[PDB]
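A short write-up of the structure that comes next.
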Amino acid sequence: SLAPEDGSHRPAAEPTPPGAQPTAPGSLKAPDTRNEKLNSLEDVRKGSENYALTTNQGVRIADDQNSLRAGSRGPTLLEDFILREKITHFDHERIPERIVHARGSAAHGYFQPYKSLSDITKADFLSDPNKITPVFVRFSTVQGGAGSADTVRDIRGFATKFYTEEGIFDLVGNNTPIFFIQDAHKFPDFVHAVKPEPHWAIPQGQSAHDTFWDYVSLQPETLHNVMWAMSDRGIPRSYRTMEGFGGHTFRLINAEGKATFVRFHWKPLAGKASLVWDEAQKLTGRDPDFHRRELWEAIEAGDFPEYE
Amino acid sequence: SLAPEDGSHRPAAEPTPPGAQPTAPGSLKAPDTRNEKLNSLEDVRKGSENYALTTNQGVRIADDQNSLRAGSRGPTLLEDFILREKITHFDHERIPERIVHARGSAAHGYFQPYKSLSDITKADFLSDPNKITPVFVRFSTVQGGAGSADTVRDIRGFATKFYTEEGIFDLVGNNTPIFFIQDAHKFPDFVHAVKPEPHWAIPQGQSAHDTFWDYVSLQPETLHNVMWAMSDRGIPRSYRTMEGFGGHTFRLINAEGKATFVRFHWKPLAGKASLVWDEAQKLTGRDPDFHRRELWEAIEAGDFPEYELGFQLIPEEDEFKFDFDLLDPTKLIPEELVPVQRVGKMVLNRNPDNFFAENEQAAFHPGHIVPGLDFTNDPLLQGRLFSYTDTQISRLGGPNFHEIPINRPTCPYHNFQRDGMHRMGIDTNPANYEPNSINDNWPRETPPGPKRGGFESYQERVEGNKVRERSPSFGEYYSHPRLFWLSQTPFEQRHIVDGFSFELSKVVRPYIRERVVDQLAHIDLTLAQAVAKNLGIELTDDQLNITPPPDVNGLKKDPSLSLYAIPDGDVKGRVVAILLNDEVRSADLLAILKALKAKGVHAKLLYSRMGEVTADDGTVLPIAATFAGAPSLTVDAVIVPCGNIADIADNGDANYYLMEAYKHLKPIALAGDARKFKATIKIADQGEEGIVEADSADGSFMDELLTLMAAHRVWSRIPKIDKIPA
Amino acid sequence: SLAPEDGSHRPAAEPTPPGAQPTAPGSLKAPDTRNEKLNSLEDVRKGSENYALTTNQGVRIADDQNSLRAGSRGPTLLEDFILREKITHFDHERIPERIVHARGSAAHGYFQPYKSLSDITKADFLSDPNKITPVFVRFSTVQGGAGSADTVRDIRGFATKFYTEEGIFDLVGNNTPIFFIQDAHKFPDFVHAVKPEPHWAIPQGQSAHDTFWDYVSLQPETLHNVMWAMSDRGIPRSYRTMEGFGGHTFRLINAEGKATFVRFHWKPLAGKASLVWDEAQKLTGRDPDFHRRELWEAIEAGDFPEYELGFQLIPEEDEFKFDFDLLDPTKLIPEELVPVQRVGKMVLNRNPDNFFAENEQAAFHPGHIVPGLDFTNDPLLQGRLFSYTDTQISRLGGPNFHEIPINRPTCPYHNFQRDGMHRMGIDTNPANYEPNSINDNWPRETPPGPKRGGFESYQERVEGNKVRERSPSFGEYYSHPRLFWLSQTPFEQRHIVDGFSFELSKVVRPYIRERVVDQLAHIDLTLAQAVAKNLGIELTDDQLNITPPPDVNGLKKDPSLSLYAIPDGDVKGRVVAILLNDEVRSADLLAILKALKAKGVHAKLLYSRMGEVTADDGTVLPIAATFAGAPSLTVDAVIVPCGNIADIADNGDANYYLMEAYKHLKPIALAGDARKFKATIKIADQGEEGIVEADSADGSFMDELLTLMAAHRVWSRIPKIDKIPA
Amino acid sequence: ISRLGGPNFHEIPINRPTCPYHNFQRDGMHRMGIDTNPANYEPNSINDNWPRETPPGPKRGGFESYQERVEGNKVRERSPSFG
Ligand code: HDD
Ligand code: HDD
Ligand code: HDD
């Protein structure tokens with residue numbers, strides 16, 4: 001039970017086009033790609049080659065193929081602490097998914113400003129075109145579970161964690177410039193209306209059902225973001241080819257104390273592109289992981305997603 | 001006051017066919033359908049009509065549209081306890097999904113035995129044909145999350161919680177009679193290999209990826225359940241049309257203390273039926289909820305799922321009389337050797353009210369047995385017993401999960417266990433320990449006996465050293481795969497070949513494909529050559545020389561292992577697409593719809609737009625869905641009636657509808673000028689088996705159609721479909 | 001059968017005095033004490049007598065003594081699901097204790113107003129004197145864990161959950177009228193300073209340590225509550241004999257929408273009474289459950305705790321009429337300025353059945369208000385509204401904590417919130433959102449109104465900039481401490497002095513003690529000098545010269561601030577130790593017990609061993625406890641009757657009994673030869689006030705005793721106790 | 001699992017081994033270790049089957065239970081020798 005003689009089990013640690021090599025964890029595919037946050041994770045990264053198989057308490061296992069039993073056709077014994085640790089860990093693997101945006105795909109990268117914005121903001125991460133800030137970005141759909149499909153018709157999430165010298169800033173936006181509702185108090189109402197209906201938990205990853213359109217017809221404030229969702233904006237080609245927006249007006253505050261209202265935008269440097277509905281729908285069946293895969297593969301190829 | 005004045009917002013509380021009315025909670029749809037469990041849930045059901053909107057503490061809310069703020073354009077205030085309660089509840093709605101079988105669809109029903117089985121088991125639920133036991137059943141896939149798609153290729157779960165007078169019995173089985181692995185210690189290895197790969201969390205709902213086939217190639221014990229999953233068994237038409245199996249050998253114990261080994265079976269009374277791969281995969285995109293929907297709607301229509309419980313029974317003295325070990329969960333017991341004895345009938349006749357509360361929180365576990373049943377040393381079963389209790393502690397938040405209403409016994413439960421998170425029961429017993437004198441030792445132990453006795457394990461002899469060791473008797477991997485293979489029809493065998501070829505084509509490392517093919521060459525050389533041809537791999541002379549494994553106790557096939565070799569078709573509950581035009585021949589439609597109704601087959605009327613069309617005689621025809629909205633994937637057959645055929649003859653969706661149904665081997669019926677559609681599917685002028693055609697939908701047209709539907713698909717069409725561009 | 005023949009295992013279901021019967025779950029002790037809340041809990045109460053012991057799944061257990069093993073000396077088998085279920089539940093019994101107030105004792109009861117308050121509030125539970133509202137009340141300390149001792153020096157909590165017809169109202173108060181800090185943002189800092197220090201987690205249940213006094217010394221806003229804690233307020237005799245206060249200014253809102261500022265009060269109908277420090281501290285060792293026991297026993301005896309609800313009412317126009325801010329929670333409202341209007345009575349008349357299920361899982365939260373009440377901008381109250389909801393998510397395991405039986409409203413609750421961990425309610429509403437048409441928008445919003453209306457906040461005007469800033473009006477720290485100091489009797493003042501002196505002596509860093517003594521010089525020089533002298537500190541000139549803070553609105557004292565200035569002592573439910581000998585004069589004992597009975601005073605008969613002794617006339621007297629087993633700490637007075645006094649005259653334990661009671665200022669009565677014990681406590685021949693003595697226990701000797709008991713302690717004895725070695 | 005909040009309690013610093021620990025277990029609440037192994041199962045070829053089982057031996061060997069003889073029936077019964 002062992003690697004082929006020719007080393008073909010293992011992906012080259014170099015940029016390769018989609019399909020050329022099996023995909024691999026980032027630190028093994030691109031060991032020389034670093035930034036301050038990636039390096040700071042080194043304390044918890046765990047390797048595997050040349051190490052003995054152990055329990056969580058560091059005890060080496062001799063036989064990971066069998067339970068301990070009384071004779072080789074007998075009952076399993078309660079004193080098999082190796083079996084029970086292994087099974088206990090497995091039995092407790094899952095954690096609650098996110099209430100919304102449970103389906104999502106993420107990557108590491110970096111940000112830098114073009115010029116110091118100290119005239120409008122004292123934020124340290126915008127103060128120097130040569131100070132780089134690590135980021136971690138998660139893209140997502142909204143309605144479906146963590147195991148729902150990528151190319152549904154839905155709003156997309158675009159959340160960026162900036163690891164700045166003066167704190168974490170999370171810019172948590174979507175791929176349209178507005179939202180469906182005005183007051184947070186109504187969020188559970190809207191989200192429950194769009195989600196699978198409570199009697200039968202249908203439909204997954206779709207607004208195409210009675211409760212959503214009942215809510216829309218009774219709450220005209222929703223109609224702006226509904227127009228976006230029904231347009232091809234609701235079915236992007238790739239996370240690399242959609243816009244992002246913070247949605248709300250925030251403030252920038254400079255060292256003098258001056259406040260300026262701001263709305264945040266991300267412009268895709270790969271351009272804007274969406275699927276068409278028959279294609280996007282059938283694609284949720286032929287490859288429900290299509291946007292997840294395409295993001296991972298673009299980064300393994302060197303086609304790094306870029307946003308302004 | 002927002003309901004339409006005509007009351008059309010509310011579905012009729014009576015059985016109605018798929019699509020005729022909006023679906024609803026079970027207790028609203030079918031208030032008169034009752035059972036002892038459903039009645040016992042009344043203490044927790046919460047209505048809504050005529051009640052004031054409140055917080056959870058019961059305070060009436062005046063304005064559920066706005067947060068409290070300082071000024072109508074001001075900041076939101078922390079003192080808004082109504083907002084915060086409402087958002088907090090929302091913020092914590094989700095609980096962890098099941099580690100496996102996360103995707104599942106459930107219903108309420110009841111079970112009754114055909115006769116007393118007291119000769120072979122003292123289990124109270126099998127003791128009397130007039131004893132009705134409520135059940136709650138959850139069907140599932142295995143690999144994908146709770147929001148994955150239904151018609152994946154996977155094993156299906158079939159779990160039944162029997163609420164008996166002497167305890168909950170959970171029979172937690174699958175839709176194939178074996179499992180992939182022999183010992184529970186390997187379950188996280190196997191499940192990790194089949195689940196999305198850990199770097200990138202791809203693929204969902206699919207074994208078609210490197211790590212699965214890596215594991216398989218290195219662990220030949222997996223090959224038997226792999227054959228089942230690569231066959232059309234892995235893509236059932238409906239939960240109603242698959243078999244169920246306990247998998248393991250268990251024991252029945254009668255009042256005299258005699259043990260009989262037993263394997264459990266469920267026989268679908270609607271027959272065995274599966275999809276074809278291209279249909280199944282495309283259907284995960286066009287309706288990822290297709291099985292959940294079909295189960296719910298069958299029940300709303302009165303087409304109750306029915307299953308016959310059956311037992312393969314083996315005397316203790318015969319433990320060692322087979323070529324395979326009875327306790328090996330990768331081995332099946334061929335029905336030719338050991339028949340299934342019919343035991344009773346289960347009918348699922350009511351949907352839940354709230355999916356999260358009843359389905360998502362239900363906890364099933366095979367260690368939940370009752371007196372009259374017992375375990376064996378099957379080393380998979382043995383480790384399952386640890387897992388299903390343990391896992392509920394995180395999934396359902398603590399050790400009081402049996403107090404969540406769907407899980408509660410309907411029979412008495414009393415003991416000295418106390419506290420834990422979410423404790424509902426308020427114990428008044430002065431004592432929380434036994435033996436106690438302060439409550440006269442109540443509740444008390446009960447000696448074992450013929451009925452209403454305590455649980456005592458069967459005193460099986462154990463003899464051996466403490467070992468981590470696989471029994472040598474389990475060391476045989478190929479004969480059962482081969483038995484399965486040889487039992488399948490030629491078309492079934494083609495679909496197994498295509499399952500392997502399609503899956504391995506998705507395996508990125510070619511060495512793993514080669515190693516799987518080498519394993520297939522130990523099972524059957526025809527299968528292995530056919531797969532190798534599709535992968536552009538050439539068998540070596542050595543592989544062409546591997547000797548096939550032995551027959552299983554002299555059997556070279558067992559037809560009961562095939563979905564289709566022995567006809568068992570049933571059309572009730574099936575559905576036909578009718579492709580309308582703007583001037584339908586109304587007499588055709590009257591005969592079509594009535595013939596379908598006589599056999600309990602449903603219809604959906606389809607067109608290029610919603611709304612209505614008008615028939616030749618002025619009859620107003622309501623449209624159910626567009627051609628694109630309800631693709632042929634979702635139906636069992638297609639009928640095109642006469643009328644203004646020129647209206648749809650050039651419609652790309654209408655033509656493609658027939659192409660897709662044609663490719664997927666579904667019966668197609670064409671009346672009058674609808675026969676011009678023959679050109680689209682390339683049918684000979686003189687016609688072909690599987691295409692019903694006549695001047696009109698009268699006389700034998702509908703009979704011929706229903707006969708095709710009773711045989712499910714037109715397997716003879718398979719050689720014709722390779723050329724069709726669809 | 002393990003119970004005794006004579007049935008003496010089972011306490012009578014009728015009221016009985018402390019220690020006459022074993023205590024019992026409240027529904028078994030007082031089955032016919034009912035209220036709407038207790039009745040509504042019947043669906044989850046679980047009995048025990050005559051039931052079979054089962055698993056949680058309802059399977060009867062035959063042998064609850066042994067694990068399943070291979071051979072009777074073999075290994076335990078994994079298939080023992082009975083063992084594992086029982087052990088799993090045990091393994092998960094504990095839930096997080098409360099962050100603060102983790103130690104508490106609770107009971108059920110009811111509330112009824114004296115008159116309709118509709119003129120000042122629309123709160124339905126105050127609308128009519130015949131409206132009875134069930135309550136559940138938990139009393140608590142603040143610092144110590146759930147396993148810490150009761151009679152510590154600490155603030156006490158007093159939380160009442162009102163199950164009203166218009167929602168749960170939780171009045172979450174303490175036993176002093178203010179808090180230590182002004183702004184909720186500082187709550188974790190204060191609570192961390194007072195709790196066990198983080199390196200070694202010492203001390204439990206004590207503010208007597210460096211970090212507490214460090215915080216106080218740097219935050220003079222704390223000094224007011226610190227005065228309360230250092231007085232005998234911090235060591236109540238019983239939860240029945242302490243006051244309760246909401247702390248904050250809230251609002252009442254009437255049907256016209258007029259707002260009145262309110263502070264809430266609970267006046268104990270058993271009067272105010274506290275221990276003295278030595279006795280309290282020793283009692284934490286002799287009986288760390290003393291208050292929990294005393295409360296449970298008072299209810300079982302029919303000595304129901306009763307409190308009068310009181311409102312201090314201040315019109316909206318009067319907001320700025322005092323020289324302190326009404327919204328500053330470190331400031332009290334002197335009753336001499338705003339009287340307490342008495343509004344209703346609460347009576348606690350039934351103990352829980354199961355402490356964990358009803359007391360430990362109960363959730364009280366001051367944000368739980370009802371129409372007719374509202375909040376104010378008090379910055380401590382404001383941040384509380386966030387915490388009591390948030391904290392339940394871990395403590396009670398998720399957002400359905402209101403479905404935990406004790407927490408459920410008794411009035412209707414319906415809304416669109418769904419799921420969450422351990423969801424009990426099964427919702428049948430087709431809609432889970434509003435506005436909806438599919439359920440005609442039910443449940444529906446309700447406009448605010450005079451009764452049964454939806455909640456609307458009082459439209460208070462908000463004007464200012466977004467700032468993190470303490471109101472300048474909150475920046476006065478010394479005048480309320482001084483008002484409190486000046487309102488105490490001289491012996492109350494001396495105990496406050498001793499409380500600071502003792503506490504500060506346990507601060508290891510001397511500069512902290514010095515800094516605290518500086519703060520006391522800003523309050524009162526006599527206080528600062530007295531504490532300084534006990535610490536070996538000399539005040540500097542600067543310190544002798546600190547001008548006292550001003551009087552509070554011209555008040556130089558308010559006697560309502562003292563426990564004792566105005567007598568309100570009630571002897572019903574108090575307890576006397578009677579020290580027996582082996583030939584008690586039966587006539588002394590008859591008269592004693594008769595006179596005690598007449599006043600509802602209980603007795604415990606004490607001896608040097610258990611069992612019984614025999615009176616001169618042959619009356620058999622059962623012994624409740626030994627002298628050492630039931631120390632004088634646990635009683636309110638001591639009587640020694642005549643008889644064979646030589647039997648106990650030389651018993652160290654009986655002499656010490658008297659010394660201990662004497663030192664702690666308890667009344668002592670000695671009849672006939674029992675007067676020979678006057679020597680052990682150094683009483684002159686001519687007698688002393690607070691020592692009752694006579695040739696026999698006549699009617700006069702008992703009246704004298706009972707008069708002394710009504711005054712609680714013999715404060716005049718204080719200068720004689722420091723000579724006493726006890 | 002309830003006291004310490006899930007199956008990763010060995011990653012709470014005080015509980016951590018000081019010696020190597022490597023295996024195919026993954027996920028769970030508050031997971032700290034970030035696994036780079038391409039494989040999360042064994043046997044595997046894609047990481048040449050690492051981390052690997054180790055035979056029992058005099059030092060640094062895998063854990064093997066002592067092969068005690070077990071013989072008797074499946075019973076819930078106290079040994080008479082304990083009475
Ligand atoms: C008051 C409730 C609320 C409201 C009004 C919104 N959100 Fe939100 N959102 C949540 C409550 C929430 C959440 C429930 O807190 C989530 C799910 C779990 C999580 O960690 O956060 C979340 C997740 C979430 C994510 C996924 C973050 C991730 O990848 O993990 C994104 C991109 C957004 N939201 C974006 C938005 C936008 C652009 C909004 C309006 C313009 C918005 N949300 C309104
Ligand atoms: C030792 C581990 C283990 C093994 C060897 C098996 N299972 Fe399992 N199974 C679990 C551990 C588990 C689990 C982790 O405990 C699950 C997921 C969550 C749940 O509550 O139980 C579960 C769920 C689960 C369900 C879903 C119950 C539901 O609808 O909620 C079914 C139908 C089965 N299993 C069926 C089987 C069959 C037929 C097996 C072999 C013949 C099998 N399992 C072996
Ligand atoms: C913002 C922090 C905070 C603030 C400033 C206060 N509290 Fe509090 N209190 C909590 C945060 C909290 C809490 C963490 O939320 C508790 C502990 C657990 C819980 O259920 O509530 C609690 C418990 C608690 C209890 C115990 C209720 C029970 O028996 O379960 C009482 C009686 C009080 N508090 C009383 C008060 C008073 C009279 C305060 C000031 C006048 C006060 N608290 C300020």
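Every chain in the structure tokens takes a letter, A first, then B, and so on in the order presented; its residues are numbered from 1, and the ligands are numbered from 1 following the presented order.
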
Give the residues of chain A that lie within 7 Å of chain B; count only C-alpha atoms, and format the answer as an NGL selection string.
:A and (1 or 9 or 22 or 24-25 or 63 or 65-76 or 83 or 87-88 or 90-97 or 99 or 144-148 or 183 or 185-186 or 188 or 198-204 or 281-286 or 289)

Taking only C-alpha atoms into account, find every residue of chain C that has an atom no more than 6 Å from chain B, and write it out as a PDB file with C-alpha atoms, in the first residue's frame.
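What follows is the written file part_13.pdb:
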ATOM      1  CA  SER C   1     -38.955  -4.525  49.475  1.00  0.00           C
ATOM      2  CA  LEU C   2     -36.220  -2.388  51.204  1.00  0.00           C
ATOM      3  CA  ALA C   3     -38.373   0.235  53.030  1.00  0.00           C
ATOM      4  CA  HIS C   9     -38.833   6.219  55.398  1.00  0.00           C
ATOM      5  CA  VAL C  44     -43.081  16.975  32.670  1.00  0.00           C
ATOM      6  CA  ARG C  45     -43.226  15.788  36.333  1.00  0.00           C
ATOM      7  CA  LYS C  46     -42.145  12.201  36.417  1.00  0.00           C
ATOM      8  CA  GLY C  47     -43.052   9.742  39.223  1.00  0.00           C
ATOM      9  CA  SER C  48     -41.426   6.392  40.158  1.00  0.00           C
ATOM     10  CA  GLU C  49     -43.518   4.203  42.455  1.00  0.00           C
ATOM     11  CA  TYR C  51     -42.738   1.599  37.603  1.00  0.00           C
ATOM     12  CA  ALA C  52     -40.127  -0.657  36.019  1.00  0.00           C
ATOM     13  CA  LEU C  53     -36.500   0.575  35.850  1.00  0.00           C
ATOM     14  CA  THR C  54     -35.767   1.265  32.140  1.00  0.00           C
ATOM     15  CA  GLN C  57     -35.470   4.290  25.293  1.00  0.00           C
ATOM     16  CA  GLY C  58     -37.988   2.435  27.531  1.00  0.00           C
ATOM     17  CA  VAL C  59     -36.289  -0.946  27.626  1.00  0.00           C
ATOM     18  CA  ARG C  60     -36.730  -2.747  30.997  1.00  0.00           C
ATOM     19  CA  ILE C  61     -33.461  -3.504  32.845  1.00  0.00           C
ATOM     20  CA  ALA C  62     -33.117  -6.959  34.392  1.00  0.00           C
ATOM     21  CA  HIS C  89     -25.869  10.431  30.967  1.00  0.00           C
ATOM     22  CA  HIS C  92     -22.725  14.744  30.937  1.00  0.00           C
ATOM     23  CA  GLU C  93     -24.736  15.808  33.978  1.00  0.00           C
ATOM     24  CA  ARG C  94     -23.113  19.155  34.589  1.00  0.00           C
ATOM     25  CA  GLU C 166     -49.142  39.327  29.338  1.00  0.00           C
ATOM     26  CA  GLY C 167     -45.634  37.827  29.500  1.00  0.00           C
ATOM     27  CA  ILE C 168     -42.876  36.796  31.934  1.00  0.00           C
ATOM     28  CA  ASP C 353     -39.211  18.861  43.123  1.00  0.00           C
ATOM     29  CA  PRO C 399     -31.631  29.803  22.196  1.00  0.00           C
ATOM     30  CA  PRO C 409     -44.565  31.378  30.038  1.00  0.00           C
ATOM     31  CA  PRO C 412     -49.693  32.224  24.981  1.00  0.00           C
ATOM     32  CA  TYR C 413     -46.486  32.563  22.963  1.00  0.00           C
ATOM     33  CA  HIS C 414     -46.417  32.358  19.120  1.00  0.00           C
ATOM     34  CA  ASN C 415     -43.946  33.768  16.629  1.00  0.00           C
ATOM     35  CA  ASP C 419     -35.056  25.523  15.112  1.00  0.00           C
ATOM     36  CA  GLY C 420     -32.065  25.913  17.427  1.00  0.00           C
ATOM     37  CA  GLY C 425     -42.165  23.171  19.964  1.00  0.00           C
ATOM     38  CA  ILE C 426     -43.270  21.610  16.673  1.00  0.00           C
ATOM     39  CA  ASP C 427     -44.600  24.503  14.619  1.00  0.00           C
ATOM     40  CA  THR C 428     -47.515  23.804  12.289  1.00  0.00           C
ATOM     41  CA  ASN C 429     -47.717  27.288  10.788  1.00  0.00           C
ATOM     42  CA  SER C 437     -50.360  35.621   2.864  1.00  0.00           C
ATOM     43  CA  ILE C 438     -50.152  31.840   3.143  1.00  0.00           C
ATOM     44  CA  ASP C 440     -53.256  35.114   6.505  1.00  0.00           C
ATOM     45  CA  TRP C 442     -50.869  34.944  11.682  1.00  0.00           C
ATOM     46  CA  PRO C 443     -49.543  35.225  14.304  1.00  0.00           C
ATOM     47  CA  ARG C 444     -50.268  38.995  13.953  1.00  0.00           C
ATOM     48  CA  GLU C 445     -48.809  42.218  15.523  1.00  0.00           C
ATOM     49  CA  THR C 446     -51.013  43.946  18.133  1.00  0.00           C
ATOM     50  CA  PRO C 447     -51.180  47.815  18.574  1.00  0.00           C
ATOM     51  CA  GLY C 454     -48.378  45.066  21.948  1.00  0.00           C
ATOM     52  CA  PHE C 455     -45.203  46.477  23.547  1.00  0.00           C
TER      53      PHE C 455
END

Using only C-alpha atoms and all ligand atoms, I'd like a table of the residues in chain A that come within 7 Å of ligand 1; for each, show the closest atom pair and its distance in Å rounded to one decimal, ordered by chain and ascending number, as a tab-separated table.
residue	atom	partner	partner_atom_place_in_ligand_line	distance
A:98	CA	ligand 1	18 (C)	4.1
A:99	CA	ligand 1	17 (C)	4.7
A:100	CA	ligand 1	17 (C)	4.7
A:101	CA	ligand 1	26 (C)	4.9
A:104	CA	ligand 1	29 (O)	6.3
A:138	CA	ligand 1	29 (O)	4.8
A:139	CA	ligand 1	29 (O)	5.9
A:140	CA	ligand 1	29 (O)	6.0
A:157	CA	ligand 1	32 (C)	3.6
A:158	CA	ligand 1	32 (C)	4.8
A:159	CA	ligand 1	32 (C)	4.8
A:172	CA	ligand 1	32 (C)	4.9
A:173	CA	ligand 1	38 (C)	3.9
A:174	CA	ligand 1	38 (C)	4.4
A:178	CA	ligand 1	41 (C)	5.9
A:179	CA	ligand 1	41 (C)	4.9
A:184	CA	ligand 1	5 (C)	4.2
A:185	CA	ligand 1	1 (C)	6.8
A:187	CA	ligand 1	5 (C)	5.2
A:246	CA	ligand 1	38 (C)	5.8
A:247	CA	ligand 1	41 (C)	4.7
A:248	CA	ligand 1	41 (C)	6.1

For the residues in the current selection, export C-alpha atoms as a PDB file, in the first residue's frame.
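Once written, selection-v6.pdb looks like this:
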ATOM      1  CA  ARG A  98     -23.230  29.355   9.001  1.00  0.00           C
ATOM      2  CA  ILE A  99     -26.943  30.474   9.268  1.00  0.00           C
ATOM      3  CA  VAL A 100     -26.565  32.069   5.778  1.00  0.00           C
ATOM      4  CA  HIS A 101     -23.602  31.857   3.339  1.00  0.00           C
ATOM      5  CA  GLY A 104     -18.320  29.158   0.403  1.00  0.00           C
ATOM      6  CA  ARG A 138     -14.201  33.778   1.413  1.00  0.00           C
ATOM      7  CA  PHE A 139     -16.697  33.819  -1.444  1.00  0.00           C
ATOM      8  CA  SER A 140     -20.140  32.248  -0.968  1.00  0.00           C
ATOM      9  CA  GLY A 157     -20.975  36.761  -0.678  1.00  0.00           C
ATOM     10  CA  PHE A 158     -17.480  38.355  -0.867  1.00  0.00           C
ATOM     11  CA  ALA A 159     -15.899  38.646   2.635  1.00  0.00           C
ATOM     12  CA  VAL A 172     -18.062  41.673   4.557  1.00  0.00           C
ATOM     13  CA  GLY A 173     -19.887  42.433   1.284  1.00  0.00           C
ATOM     14  CA  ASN A 174     -21.955  40.865  -1.513  1.00  0.00           C
ATOM     15  CA  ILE A 178     -27.685  46.720  -2.085  1.00  0.00           C
ATOM     16  CA  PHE A 179     -29.652  44.306  -0.030  1.00  0.00           C
ATOM     17  CA  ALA A 184     -32.095  44.190  10.399  1.00  0.00           C
ATOM     18  CA  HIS A 185     -35.214  43.375  12.446  1.00  0.00           C
ATOM     19  CA  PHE A 187     -33.663  39.680   8.509  1.00  0.00           C
ATOM     20  CA  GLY A 246     -19.867  46.654   0.987  1.00  0.00           C
ATOM     21  CA  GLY A 247     -23.594  47.660   0.444  1.00  0.00           C
ATOM     22  CA  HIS A 248     -23.772  50.193   3.354  1.00  0.00           C
TER      23      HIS A 248
END

Among chain D, which residues carry a DSSP assignment of strand (DSSP E or B), reported as a PDB file with C-alpha atoms, in the first residue's frame?
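states_25.pdb written:
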ATOM      1  CA  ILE D  34      -4.034  22.466  10.343  1.00  0.00           C
ATOM      2  CA  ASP D  35      -3.276  19.168   8.568  1.00  0.00           C
ATOM      3  CA  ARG D  52       2.528   4.726   9.272  1.00  0.00           C
ATOM      4  CA  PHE D  63       0.874  -0.469  21.290  1.00  0.00           C
ATOM      5  CA  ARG D  69      -7.149 -15.582  27.573  1.00  0.00           C
ATOM      6  CA  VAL D  70     -10.846 -14.852  27.774  1.00  0.00           C
ATOM      7  CA  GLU D  71     -13.316 -17.659  28.268  1.00  0.00           C
ATOM      8  CA  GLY D  72     -16.906 -17.718  29.567  1.00  0.00           C
ATOM      9  CA  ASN D  73     -20.431 -16.667  28.521  1.00  0.00           C
ATOM     10  CA  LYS D  74     -21.722 -13.134  27.905  1.00  0.00           C
ATOM     11  CA  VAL D  75     -23.090 -12.399  31.405  1.00  0.00           C
TER      12      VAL D  75
END

Between B:486, B:671, B:193, B:332, which is the closest to ligand 2 once you count only C-alpha atoms and all ligand atoms?
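Ranked by minimum distance to ligand 2, first place goes to B:332.
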
Using only C-alpha atoms, find the residues of chain A whose closest atom to chain D is at most 6 Å away, then write them as a list in words.
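Contact residues on the first chain: residues 2, 3, 9, 44, 45, 46, 47, 48, 49, 51, 52, 53, 54, 57, 58, 60, 61, 62, 89, 92, 93 and 94 of chain A.
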
Shell of 10 Å around residue B:478, only C-alpha atoms, local chain residues under 5 positions omitted, as a PyMOL selection string:
chain B and resi 220-224+483+519-524+548-551
